[PDB]
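Shown here is one chain on its own, the form deposited in one PDB entry, set out as structure tokens.
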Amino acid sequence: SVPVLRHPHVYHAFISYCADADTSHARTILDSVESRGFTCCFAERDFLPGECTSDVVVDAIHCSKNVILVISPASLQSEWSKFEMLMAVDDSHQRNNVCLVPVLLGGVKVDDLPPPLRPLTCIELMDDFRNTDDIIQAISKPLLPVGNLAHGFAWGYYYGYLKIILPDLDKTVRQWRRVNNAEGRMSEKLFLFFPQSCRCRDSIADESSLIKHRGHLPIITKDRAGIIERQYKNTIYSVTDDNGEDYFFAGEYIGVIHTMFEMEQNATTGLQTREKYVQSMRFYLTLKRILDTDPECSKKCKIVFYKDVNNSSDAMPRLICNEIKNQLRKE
């Protein structure tokens, strides 16, 4: 049938092709699909000659339900296969398998496909264009897909935050404990907490009545991303040991991971509690691999992974105490 179009969708399908060698093959598929009612976006007739920029191709993809990907032996050699073809390929295999319609011409060897396209289910179109009705089937089919979050979270957290606060953070923390007379009861490392469920708390004082907000480090003011005087503040807390003595520390959660928790709770999002654990562990590895490259930032902070499934109002305070032990022992 002719599926009705969602609001952003103005085309039924966008024909992604290599204009050097398959601009004639793509035009043939255009007629085969539009003859049976569908409205497609063909670059030669629907774009302006000078308005074939990368963003214009992207808007057509954003405004089309499906994307017919024309792949030929000659197209895999041109720069199109390593540039504009990939802009129609999503990381989420869920969206790829529903949105992308690969069409293999001539040599249909799936092994020759780049790694992005190799695990996809493609249609073999004969040299006489007889499987053209197979293409029409994938366009008639009328839960948000989730790609991989590990690399985006880790690289952004490093360049966009850790690279900002961690340089000369030792002096800032040591100058804080000397002013407040916290020697022997406060470390100099920034503690980044990584709960297993990724459920970040508004304040570490929400874990137990033993954690108390005790101040903050000097505010880092920076004009970034067009926001003038964006504040980067680090909060100081304190835990009470079993011996009634207060140990201080600069602590915070890895707040970027809280998105994985919110996506898991959002029933419309395609991220279940099982993949959340996978995405969080790929994030843990990637971030720790990035920190190994920068030794002046890695050893100025301490990542602490733990489970937060138990309801013990004492499990979290003693964990922070046992974590400051190592830091004070190493000093």
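Between two forms, the rigid core is defined as the largest C-alpha subset superposing within 1.5 Å. One-based numbering along the sequence shown.
The following text describes the form deposited in another entry, which does not appear among the structures shown.
K.L.:
Any chance the CA of residue 182 moves 2 angstroms or more between this form and the one not shown, core superposed?
P.N.:
Yes.
K.L.:
Is the C-alpha displacement of residue 241 equal to or greater than 2 Å between this form and the one not shown once the rigid core has been superposed?
P.N.:
Yes, shifts by 2 Å or more.
K.L.:
Against the rigid core, is the Cα displacement of residue 172 between this form and the one not shown at least 2 Å?
P.N.:
Superposed on the core, residue 172 moves its C-alpha 2 Å or more between this form and the one not shown.
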